[PDB]
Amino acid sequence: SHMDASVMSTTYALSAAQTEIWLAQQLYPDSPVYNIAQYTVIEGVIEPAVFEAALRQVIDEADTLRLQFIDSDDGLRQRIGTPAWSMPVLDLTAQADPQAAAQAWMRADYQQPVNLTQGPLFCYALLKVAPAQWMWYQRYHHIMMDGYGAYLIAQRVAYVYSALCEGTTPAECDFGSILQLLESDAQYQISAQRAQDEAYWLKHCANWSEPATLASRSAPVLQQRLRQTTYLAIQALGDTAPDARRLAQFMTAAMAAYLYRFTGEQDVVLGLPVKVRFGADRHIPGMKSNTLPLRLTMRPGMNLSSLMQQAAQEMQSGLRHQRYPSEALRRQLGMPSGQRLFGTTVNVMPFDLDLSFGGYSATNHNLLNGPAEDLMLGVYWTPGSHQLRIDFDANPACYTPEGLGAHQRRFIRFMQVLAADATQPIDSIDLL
């Protein structure tokens, strides 16, 4: 079959991270849990023709957006292809409730599983929800985009659209090619760097135990996350974290403390999503992120400062080795097939939420952030702002909306009490 020879000749292997997504997606091919999505609210007038010109330009510039996947006897393969696509424009301003109609439209798209060999793998759409209020909806499959990549694209699209609105030529894009991302990952897989990283992680999680969880059960995730959202003032942590790093340290320390106070587990392993973007990888939209195991030991009557100490140590030791995939680590330690290294992940996203489109201000709002195996604490923070957005994303098989809400309210309060006195022992604090 010359047809099969040609597909193998004209394609590239998936990266390790892409492969892990592909395998998980194959387990539940009808589950939409690997869709990621957000919308950008623009407080102004958008011209859809110019917006679509900007999207065409960024689809040329971010070639991950033109990735095509083709199955082979040696697994899924990819190439820079020729996806057909369109930008729907919906004026919902005459609806009884335009905001709800916009949410319903976006949800109708992101609830649908993407077929990886047919696409479309992304969706871009414009939804007018009030006079001078527009929403730009962005949806991706996780195999070809992660959070930082989506952030890079939204920034570029805002920039290009603003230049085209002004009638000037957009300055040259600084994105690299997804091909160089793939080649660098291919070299990592056979690298001595990876052998070192693996050694560190095997030594680090030498032996384990069932992860502390807030649910009555552990189950695979098949449905879209249950989400509870709270907006919090960053005054409520003091100056504990004027820093993305220290914010991640505080969020992990607090979540570990909550898990201990609620479950009695003293060895709490959390998942810490990381970007895995050094050097040139910082400018290549596509799928790159990893999730590290982060171990926090709850000593007798220890305080918040101690826990944050411990978390900072874990981060400063393990972040250098962040390229080693956590599922590779799982397999290599020889764990039971279905059992995780962590159930609760702490996803801190210090990405600027603000944009400007044609002199009009805009803000980003997450809709989907990946699968919620158990519980994921998503934290959105524009560096410098005094405001955080905190999501509890949970597996619907393991949590109820109101149980999750009660946990979030208890945790938010607990968290504010901890940051109100980092020296207080965590056993000594009442919780709702």
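Position 1 is the first residue in the sequence shown; the rest follow in order.
Look at the mean CA B-factor for 258-266 and for 102-110 in the entry; the higher one is 258-266. Higher average CA B factor: 179-187, of the stretches 179-187 and 280-288. Looking only at 359, 350, 147, 318, the residue with the top Cα B factor in the deposited structure is 318. Reading the B-factor column for the CA atoms of 97, 91, 243, 354 in the entry, the top value corresponds to 243. In the deposited entry, the Cα temperature factor of residue 420 sits in the top third of values across the chain's modelled residues. Ranked within its chain, residue 79 lands in the middle third, by CA B factor from the PDB record. Ranked against the other modelled residues of its chain, the C-alpha B-factor of residue 407 as given in the entry falls in the middle third. In the PDB entry, a CA B factor belonging to the highest third of its chain's modelled residues is recorded for residue 200. Ranked within its chain, residue 208 lands in the highest third, by CA B factor from the PDB record.
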